[PDB]
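Undergrad: Pasting a structure here, questions to come.
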Amino acid sequence: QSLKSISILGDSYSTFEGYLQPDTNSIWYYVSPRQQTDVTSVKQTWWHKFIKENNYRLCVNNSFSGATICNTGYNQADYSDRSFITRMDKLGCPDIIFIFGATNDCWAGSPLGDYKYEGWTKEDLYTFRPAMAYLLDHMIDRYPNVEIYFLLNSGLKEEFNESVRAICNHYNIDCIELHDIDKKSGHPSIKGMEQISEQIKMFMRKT
Amino acid sequence: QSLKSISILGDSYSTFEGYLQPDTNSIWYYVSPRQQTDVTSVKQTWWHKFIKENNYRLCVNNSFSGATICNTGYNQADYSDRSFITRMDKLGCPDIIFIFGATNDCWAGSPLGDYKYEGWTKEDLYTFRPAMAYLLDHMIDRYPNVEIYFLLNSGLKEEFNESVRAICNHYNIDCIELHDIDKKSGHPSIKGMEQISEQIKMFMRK
Amino acid sequence: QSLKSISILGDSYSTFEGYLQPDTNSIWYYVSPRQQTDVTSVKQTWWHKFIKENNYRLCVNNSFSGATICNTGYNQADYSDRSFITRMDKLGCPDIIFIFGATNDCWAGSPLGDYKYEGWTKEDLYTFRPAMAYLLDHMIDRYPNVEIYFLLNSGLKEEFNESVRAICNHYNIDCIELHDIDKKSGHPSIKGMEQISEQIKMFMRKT
């Protein structure tokens with residue numbers, strides 16, 4: 001009888017003013033938009049749409065605007081305070097987790113690094129492939145028997161697409177490859193948010 | 001297999017010493033009573049009784065003694081720190097939510113205001129109908145696919161009964177109208193707590 | 001479809017670096033061991049093993065290294081800040097709770113006290129039997145319809161074994177009596193953690 005709940009570990013694309021935990025996380029989508037976007041309600045987000053329309057509950061949305069998977073941010077800055085690998089332990093007690101990241105690592109120019117599936121050092125976690133592997137490894141152990149789905153944004157560099165896809169395959173994690181997402185200011189529009197939700201449902205109907 | 005969990009967004013009637021989140025919320029019911037009441041145990045509360053007896057789990061009880069639904073309190077004081085519309089975002093991750101409020105808005109003499117179903121300003125949420133509507137609107141979005149039930153106390157002014165009932169109907173929220181609840185010092189007694197719990201079951205059953 | 005979640009209220013034996021809530025709790029098991037033990041991963045702990053292998057989810061692990069059930073610690077120190085009866089209210093919203101304590105009360109030499117099933121004072125809760133009853137009483141009310149299991153460590157003094165067993169019987173709580181748990185530095189080894197997990201599965205099947 002009890003419906004499965006979903007948490008989100010995301011970035012700008014999964015933020016919405018007043019729905020972020022911790023509440024100090026940076027927001028991209030406001031009720032009264034700050035940037036030029038047509039999205040003005042949480043009901044229009046990809047995650048609220050998917051959760052509400054597929055009979056799920058909302059658990060924790062730990063999304064942070066401009067966050068990278070790894071600890072190298074924009075202009076080589078240290079993003080250890082806001083990275084996905086730092087925030088992965090605060091997602092409540094969900095039944096399903098969506099990971100929606102890697103866009104910022106792609107556009108920040110974070111070093112891609114080498115594939116590393118164990119013995120991660122502090123130096124390694126400043127590069128992408130070791131941080132992506134460390135994320136999935138630690139989350140599989142932290143969230144036993146929780147369904148984990150990686151959402152891969154459309155329009156990223158192929159080196160990030162292939163890295164995300166290879167590391168997800170290593171850990172047997174489903175990687176949902178988003179395509180043709182309609183964007184405004186490089187972020188999903190109302191149409192784009194609907195396309196993300198319908199593409200997740202397509203992937204669930206196939207899998 | 002996994003049993004549904006319940007959270008409460010209440011006021012004096014749903015408080016019990018040591019069961020409130022955040023733990024800094026004002027309590028009405030203490031283990032050793034400080035008010036004239038016969039209730040001395042959490043096992044006697046309407047919410048513990050309903051949850052335990054109908055095979056549910058307890059999630060979060062966010063109840064605050066004397067808290068109003070809107071931001072106008074007793075003697076026209078600003079209750080923005082304790083109102084239901086301020087505390088509605090901290091109820092854990094439940095399967096069911098009970099909202100049990102409007103008694104303090106009724107006895108504080110909070111301005112009733114006009115019905116407003118969008119564009120709520122800071123000024124509007126100091127009045128009852130806009131705050132009621134803002135509460136249900138925001139909670140439906142914050143708690144998708146969570147069963148929400150408004151519990152309406154017995155003995156309130158008809159302007160508050162009718163406002164609560166009209167705003168619940170707008171948002172398609174069940175409003176359980178409590179009747180003849182036995183009280184001591186204006187708060188449910190052991191009998192009253194049992195009557196609240198039995199009246200919720202009969203609403204569920206029908 | 002939604003799987004039951006489990007929370008742990010433990011001591012040294014249920015700790016693991018990075019899996020404790022609150023994160024300020026004392027840890028015994030580190031990734032790189034500080035004490036002489038062969039355990040180096042959360043995957044080897046009795047609780048992660050049981051949860052992962054019996055198709056459950058992890059809720060909250062509130063374990064504190066060296067914490068006592070009652071408020072008297074080692075060398076008659078006041079353990080009111082870290083006792084089980086102080087920490088019992090912060091276990092999330094689980095479907096099942098494991099209580100794994102009393103080892104420290106046994107080796108600290110905490111006063112055993114008299115059996116007391118009501119009217120507990122601050123003075124009473126410095127002794128074992130009143131604190132152990134206060135723990136089960138308050139947790140049954142705080143966690144309605146949650147399955148509660150007391151795990152009793154092997155090799156403790158019989159006065160503690162018999163007290164725990166009598167107080168669990170009073171409150172109709174299952175007391176899982178662990179036997180022959182393989183230990184290193186007085187704490188479960190990899191073998192010991194597997195024996196705890198298999199003995200919980202065995203108890204669950206016969207009850």
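Labels for the structure tokens follow display order: chains A, B, ..., residues from 1 in each chain, ligands from 1.
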Please report, as an MDAnalysis selection string, each residue of chain A to which DSSP assigns alpha helix (DSSP H) when run on this structure's backbone.

TA: chainID A and resid 46:53 84:87 103:108 128:142 158:170 190:206

Undergrad: May I have the residues of chain A within 10 Å of chain C, counting only C-alpha atoms, written as an MDAnalysis selection string?

TA: chainID A and resid 1:5 89 92:96 138 141:146

Undergrad: If we count only C-alpha atoms, which residues of chain B reach to within 12 Å of chain C? Please list them as a count of residues only.

TA: 42

Undergrad: With only C-alpha atoms as the counted atoms, please give the residues lying no more than 6 Å from stretch 173-180 of chain B, apart from itself and same-chain residues fewer than 4 positions off, as a CSV table (one decimal) with C-alpha atoms, in the first residue's frame.

TA:
```csv
chain,number,residue,atom,x,y,z
B,149,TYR,CA,-6.8,15.1,6.0
B,150,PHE,CA,-7.9,18.3,7.7
B,151,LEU,CA,-9.2,17.7,11.2
B,152,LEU,CA,-11.8,20.4,12.2
B,153,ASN,CA,-12.2,21.0,15.9
B,154,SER,CA,-15.7,21.1,17.4
B,168,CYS,CA,-10.7,22.1,1.8
```

Undergrad: Please, what distance in Å, to one decimal, runs between atom CA of residue C:101 and atom CA of residue C:8?

TA: 10.3 Å

Undergrad: Which neighbours of stretch 83-86 of chain C fall inside 10 Å, counting only C-alpha atoms, when residues of the same chain fewer than 2 positions from it are skipped, and could you give them as a PyMOL selection string?

TA: chain C and resi 9-11+62-64+66-73+78-81+88-90+99-102+125-126+131-136+138-139

Undergrad: Write a file of the selected residues as an mmCIF file, in the first residue's frame, keeping C-alpha atoms.

TA:
```
data_model
loop_
_atom_site.group_PDB
_atom_site.id
_atom_site.type_symbol
_atom_site.label_atom_id
_atom_site.label_comp_id
_atom_site.auth_asym_id
_atom_site.auth_seq_id
_atom_site.Cartn_x
_atom_site.Cartn_y
_atom_site.Cartn_z
ATOM 1 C CA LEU C 9 20.747 1.894 18.125
ATOM 2 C CA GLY C 10 24.137 0.489 18.888
ATOM 3 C CA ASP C 11 27.504 0.768 20.514
ATOM 4 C CA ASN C 62 22.683 5.749 15.660
ATOM 5 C CA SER C 63 25.633 3.930 17.200
ATOM 6 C CA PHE C 64 28.234 5.434 19.517
ATOM 7 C CA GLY C 66 31.675 2.827 24.126
ATOM 8 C CA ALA C 67 28.130 4.040 24.905
ATOM 9 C CA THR C 68 26.198 2.407 27.790
ATOM 10 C CA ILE C 69 22.465 1.659 28.015
ATOM 11 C CA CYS C 70 22.312 3.524 31.400
ATOM 12 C CA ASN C 71 23.885 6.894 32.327
ATOM 13 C CA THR C 72 26.879 5.419 34.334
ATOM 14 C CA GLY C 73 29.965 4.859 32.156
ATOM 15 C CA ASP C 78 28.319 10.483 33.694
ATOM 16 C CA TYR C 79 27.378 9.100 30.210
ATOM 17 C CA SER C 80 24.031 11.020 29.982
ATOM 18 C CA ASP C 81 25.282 12.718 26.743
ATOM 19 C CA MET C 88 16.756 6.456 21.373
ATOM 20 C CA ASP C 89 14.653 9.357 20.032
ATOM 21 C CA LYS C 90 16.901 9.945 16.929
ATOM 22 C CA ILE C 99 19.009 -2.484 19.711
ATOM 23 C CA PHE C 100 22.578 -3.751 20.201
ATOM 24 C CA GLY C 101 23.882 -2.723 23.615
ATOM 25 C CA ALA C 102 24.720 -3.652 27.269
ATOM 26 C CA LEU C 125 18.496 5.831 35.194
ATOM 27 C CA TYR C 126 22.230 5.773 36.359
ATOM 28 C CA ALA C 131 17.515 2.267 32.268
ATOM 29 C CA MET C 132 16.972 -0.970 30.198
ATOM 30 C CA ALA C 133 13.187 -0.951 31.042
ATOM 31 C CA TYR C 134 12.940 2.844 30.434
ATOM 32 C CA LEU C 135 14.614 2.180 26.991
ATOM 33 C CA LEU C 136 12.057 -0.488 25.879
ATOM 34 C CA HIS C 138 9.774 4.630 25.677
ATOM 35 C CA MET C 139 10.791 3.028 22.347
#
```

Undergrad: Could you pull out the strand (DSSP E) residues of stretch 51-136 of chain B, going by DSSP on the backbone, and write them as an MDAnalysis selection string?

TA: chainID B and resid 57:63 96:100

Undergrad: Please identify all polymer residues within 12 Å of stretch 110-118 of chain B, counting only C-alpha atoms, omitting same-chain residues fewer than 5 positions from it, and present them as a ChimeraX atom specification.

TA: /B:67-79,102-105,123-138,157-164,166-168,170-171

Undergrad: Limited to C-alpha atoms, could you put the picked residues into a file as a short mmCIF file (atom, residue, chain, number, x, y, z; two decimals), in the first residue's frame?

TA:
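Output saved as part07.cif:
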```cif
data_model
loop_
_atom_site.label_atom_id
_atom_site.label_comp_id
_atom_site.auth_asym_id
_atom_site.auth_seq_id
_atom_site.Cartn_x
_atom_site.Cartn_y
_atom_site.Cartn_z
CA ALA B 67 -0.05 28.13 16.99
CA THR B 68 -2.41 29.64 14.43
CA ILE B 69 -2.80 28.70 10.77
CA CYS B 70 -2.17 32.33 9.71
CA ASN B 71 0.54 34.80 10.89
CA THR B 72 -1.78 36.85 13.27
CA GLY B 73 -1.81 35.49 16.84
CA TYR B 74 -3.33 36.45 20.19
CA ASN B 75 -3.63 40.26 20.79
CA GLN B 76 -2.72 40.88 17.08
CA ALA B 77 0.87 39.59 17.69
CA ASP B 78 3.05 38.44 14.75
CA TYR B 79 3.06 34.57 14.73
CA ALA B 102 -7.71 26.75 13.20
CA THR B 103 -8.75 26.67 16.92
CA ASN B 104 -6.22 29.42 17.81
CA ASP B 105 -7.13 31.54 14.77
CA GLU B 123 0.04 41.04 4.06
CA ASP B 124 -2.57 38.41 2.94
CA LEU B 125 -1.03 35.62 5.08
CA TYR B 126 -1.77 37.63 8.25
CA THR B 127 -5.51 36.83 7.53
CA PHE B 128 -7.18 33.37 7.78
CA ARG B 129 -8.70 32.41 4.37
CA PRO B 130 -5.60 33.32 2.28
CA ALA B 131 -3.33 31.44 4.79
CA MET B 132 -5.67 28.36 4.79
CA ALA B 133 -5.53 28.24 1.00
CA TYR B 134 -1.76 28.90 0.90
CA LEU B 135 -1.34 25.99 3.44
CA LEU B 136 -3.24 23.39 1.31
CA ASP B 137 -1.86 24.59 -2.01
CA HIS B 138 1.80 24.43 -0.88
CA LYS B 157 -17.18 29.99 15.20
CA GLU B 158 -19.20 29.11 12.06
CA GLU B 159 -17.19 31.66 9.96
CA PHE B 160 -14.08 29.48 10.59
CA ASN B 161 -16.00 26.16 10.07
CA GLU B 162 -17.41 27.35 6.74
CA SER B 163 -14.05 28.91 5.59
CA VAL B 164 -12.12 25.65 6.43
CA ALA B 166 -14.93 25.75 1.54
CA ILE B 167 -11.11 25.95 1.18
CA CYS B 168 -10.72 22.13 1.78
CA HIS B 170 -11.50 23.82 -3.41
CA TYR B 171 -8.35 21.73 -3.01
#
```

Undergrad: Each residue of stretch 59-151 of chain C with at least one atom at most 10 Å from stretch 159-162 of chain C should appear once, together with its nearest atom pair and the corresponding distance in Å (one decimal); atoms considered: only C-alpha atoms; ordering: chain, then increasing residue number; output as a Markdown table.

TA:
```
| residue | atom | partner | partner_atom | distance |
| --- | --- | --- | --- | --- |
| C:102 | CA | C:160 | CA | 7.4 |
| C:103 | CA | C:160 | CA | 8.7 |
| C:105 | CA | C:160 | CA | 8.4 |
| C:106 | CA | C:160 | CA | 6.6 |
| C:112 | CA | C:160 | CA | 7.7 |
| C:128 | CA | C:160 | CA | 8.4 |
| C:129 | CA | C:160 | CA | 8.7 |
```
